[PDB]
Structures are given as structure tokens and as C-alpha cells.
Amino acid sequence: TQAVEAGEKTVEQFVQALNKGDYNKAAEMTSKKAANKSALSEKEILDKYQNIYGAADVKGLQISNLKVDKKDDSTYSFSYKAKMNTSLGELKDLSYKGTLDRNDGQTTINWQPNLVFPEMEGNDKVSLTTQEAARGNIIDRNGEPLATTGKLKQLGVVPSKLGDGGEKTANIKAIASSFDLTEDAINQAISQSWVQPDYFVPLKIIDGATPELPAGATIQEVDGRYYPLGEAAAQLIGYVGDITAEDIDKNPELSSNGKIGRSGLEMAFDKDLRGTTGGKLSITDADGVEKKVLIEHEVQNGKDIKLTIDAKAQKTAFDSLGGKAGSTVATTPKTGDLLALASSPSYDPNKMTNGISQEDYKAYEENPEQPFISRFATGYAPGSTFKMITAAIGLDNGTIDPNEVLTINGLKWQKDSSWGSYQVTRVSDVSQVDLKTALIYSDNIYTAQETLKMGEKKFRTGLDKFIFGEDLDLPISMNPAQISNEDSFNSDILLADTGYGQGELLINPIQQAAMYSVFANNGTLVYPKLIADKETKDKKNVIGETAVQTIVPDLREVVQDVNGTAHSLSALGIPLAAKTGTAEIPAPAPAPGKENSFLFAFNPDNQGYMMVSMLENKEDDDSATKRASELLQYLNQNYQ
């Protein structure tokens, strides 16, 4: 019975070729054209599958429940069931028939129409009508639009209504001087390869008032994706682009005429936002008369998505960065609601999703400050803000006495002579330094000595209670925060640097706002939350409640004391508990070192808001504390 063994392989070899998209190789393992064999030629079957399976974007043909027999001398009948994925979802429970033929020694298939779809017969045709689904909206915690689809005023020119010569050059200089467009770019689009003398060539997108129209300038209304806050949330929201042929080859349930998320939340939530395509896939007669319907369902528009983001806080946080490199994260620390996730510099998502030049796109990628980076998801060394956690660990294990006063002389210190030339450095030469004094002046030497006194085992014991190595349940690509490169410092120097927020620490701004939430929840860490409806998740007993009641009053003095590093914030007249930081980054080539300014601040009275702002590669005299007054006033007013 070794004949049925070769027959099951012939059917298996045929389905694989169809599944692999190679229709020619599938057509070669069929029999010759005859009434008792195949119904079409090899090149005729190739065009049959390519036209039909291609029009429906058939992908992932897989079979099951195969049964091969032997009816006559060389007529071995076979049957199975199959399923496939098309533009309108999955087509399951398909009953296929057909027969085989094993003359000579090879088992060829007697091809028939019913090997394309179960009920195909002779010269039956296939039709596919689809209704595209509208993309869902992205909204803030109060329903404000962050990413919607709407009507736009598109500026464009037609070469015929421009004129002939001289008069045509004058309007090109007139259209360029009325819509903020380059005079050398109007002809760059008029003289493209696709242009004809009467076509409507697009130009710029008017995002407000429609000015006067020179000779040969029409504004047509076309619908497209629109981002109200613009660059203020471009990294977080992202942008959508035209769907390509390879996008369909990867997921046929898309829409060749639709838009797909290319970055940010538009890409992370692409499935829930794009919806599902409607329409029907049916088999018709030889004359086009509908015979059998294969797939059909209504068009379902995309779901809206409500974020915890405050649209007003998002814009204020971004604008406060003045276009400099940095990022700001604002939360309601008791719940974890991410109120703002700003990153600067940024790109224009409206220009990105509508029409953008290869020149402006190259300016974004070749910009050294890298406007495409989501800096709120980029790991940094936390700097001196991390002293709050090193101190709280020292209070939890009894290593740090808040009233114990260390005697530090000078601006440099080392454990012993084995450290060589390296020394911990502080900025203020305060002789008598206790915990409160250390947090006010941000004393690295106090922090380094208390860290070395604590020891690595006790230090990591307190550190592991946080979220180092954890993957936050957020729709944002990020790497987990890390304490060091390996599970052991293996260096007293690296142990000290980690104490005051340097060393090999890597914590992104979002993870910092999560780790620092303990000081607004009596030692309970509250995980951040971006989706409004999602349930609040927390982590009990990260630090002791005694340490919180000890450090938070000291953090008030970082603002209120005359020599506090955040004393400029006392001008606000609002209850503030803050901690500043300026992390130093080593330079590759012999170049001046780069510095990163940091600011942590929250309301110690009502715990209504908490923020963590930073500047990457800060300019001189620039800082995050310098720019925080406006956002702090808003968060204190609206989030209590």
C-alpha cells in the first residue's frame, strides 16, 4: 500500500506551494490538460491562482483532516479541510475535493476549479467588494483630541491656470509669498515626472486661515489624520503613513488605501485603531451573476483610546523645554496616571503624515539632537535625585542616623589610598553635614560615605525592592532600569558612584517617576498608567514609612532653605518637595564633558501631582528647575 504514501505527499507538496505564494511550482505538479485530468494548462493555472488569490490577498493556507484513497488503477481520490486568511478575515472550514493521477511513477493532481474555492465550477469568477474602516481617535483624560481624522485645507496649483511666460513666473513668486512656501519649491512640484499640464499638484497644508489665491491656486478639501498638539506630543502619539504592498503581505487584514501607524501609540495601538474592513467575497457565474458568498461582515470602525494624558499639561511641559534636548514626565503619583510625556526637540507629525519632503525628513534624521527619540523612555543616569532612594534605604536598614553629623573638610574625598586619583566631589564646602544638610546642598561625599558604610549587600537589598529589571505594563517601547551592568559592582568606587546617582545606573524618566512615587504613598510604589480605564497597580512596602516622614520634610527644605539647590521654586508660594540633580556624562574623544540637568518635585501636602523633568546635554546656566515654574503652577492648581 505504498501508493497512498506518495499520494498524501503530493497533496501536501501542492498546498505548501500555494501557501508559499509560488503558484508556478504548484502548477507544475498537476497533470496534463484533459477531461480525465487537469482542467487547465500550467500557465493557465498560474494566472488563475495569481489573479484570484492575489485579489483577495490570500495568505496562510493550511489544511487538516486529510484522507487519500485509491478508487481505480491510477485514480486515487483525496479530500481534506483547509483554512486561509484573506482581506476580510479568516476563511475557515473549507471542504476540498479532487482526484490524483499516478502514471509513470509521480503522483500528479487532476486540477479542477474546486481547488481554488470549494464550489468553483468551470468558468466561475470571483468578486471582492470592500468598505474601508475609519481609524479611531486618541483622546486625553478629558476627551480632548490628540489624534483624529478630519477635513483639511490642502493648497495646490494647476499648471494651466498659472499662465504662459513671465505671468506664470510672477504667480509662482506670488503663491510662494502668500502661503509661506519656497519660491524654488513651487516649480519643484510643478515639474515633477508625474505632472501633466492640467493636473492638481499638491503643495502645503493650510492649518488655519485661507489667504488670498493668486492666479492658479485652488484649495481642495481632503480628509486625513490630524494631530492638534502637533510636535508637543509627536513622540508619544506618533504618526501614520501610507500602507505599502509589503504591509499587506505581512497582514492581509489591512487596507491598501488606508493608513498604518509608523511610530508611537499610532503603531502600538494600530489594531484597535484601524478597525476591521467590511464587504463581501463571493463567487459569481460565468456571466458575473453571484452564486455563493464566502465571507461577509459589516465595516467596523476603529476604537477610540482614552489616555491619562492631560492635553494642557502635555503642551505646557513641552513648551517649557524651549526646544532644547530634554523630556518631562508628570504623574498623579497616588494612581500613576501619566499626565504628560513630553520630549524635546520634536518633529511635525502633521507634516510627517501628510506631505513631507526628503529634505525635511533628512533634517530630522541628521539633526544631532535627534528629535525622533522618545526621551521619556530613554535610560539615563538619574543623578543626585537618586540620593532620595539611597537615603531611604539607609534609613530602612538603620545605617543612616538622620541626626548624625559627618565632618567633611574640602571638596574631595576618598575611602583610602587604594582609590588612587579618583575622589568623590561635592560643590559646597560645608563642614558639618547631616542628612538634612546633605539633601539641601546635594552633598556627594556624604552620600558616598553612607553608601560605603552601608555595604553592597545592604544597598542592593533595598534596591531590589524597586522596579529594576521590571518591564512596565505600558504601550511604550523601553528597556528596564538597571542598577549596574552585572549583578555585582565589584568596586568600592562604583558602589559609591551608584549611591549618588552616577555609576552604571540607567533609569528612564518614566521609571524614575515610578520609583520616586514612594515618597507620595508612604513607601508604596505605584506603577505608572497611560490608559485611562486600566486599573491602578501598586507595590507595597518598598521603603519604610519612617523614611518617608524623614526625607519628605528635608525635601521641602531643598526648596525653602535659602541655600537649597531648588530655592528658585520657593517663588511659587505653593507647597513643594523637590530634589535637583546634575549628572555628568564622560565624553569619548578628549572633549568637554556633557551634563544633564534633573528635577524631581511633587506636592507634599495633598500628593496630587508629581513631576520629573530633565535636560539632556544642557547649555550653561540652563537647568530643569529654571523651566519648571509654569508646569508646577498648573499641576498644583488642577491636580490635588
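Start at 1 with the first residue shown and count on from there.
In this entry, 196-204 shows the higher mean Cα temperature factor of the pair 196-204 and 486-494. Comparing the deposited coordinates for 117-125 and 231-239, the stretch with the larger average C-alpha B-factor is 117-125. Per the PDB entry, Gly163 shows the highest C-alpha temperature factor of the residues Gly503, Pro480, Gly163, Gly410. Remark: of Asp184, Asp249, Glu557, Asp272, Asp184 shows the highest value [criterion: C-alpha B-factor in the PDB entry]. Ranked by Cα temperature factor within the chain, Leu66 sits in the highest third according to the deposited record. Compared with the other modelled residues of the chain, the Cα B-factor recorded for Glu12 ranks in the highest third.
In this PDB entry, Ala624 carries a Cα temperature factor that places it within the lowest third of its chain's modelled residues. Placement of the Cα temperature factor of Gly150 within the chain: highest third of the modelled residues, per the deposited record. When the CA B factors of the chain's modelled residues are split into thirds, the value for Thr1 lands in the highest one.
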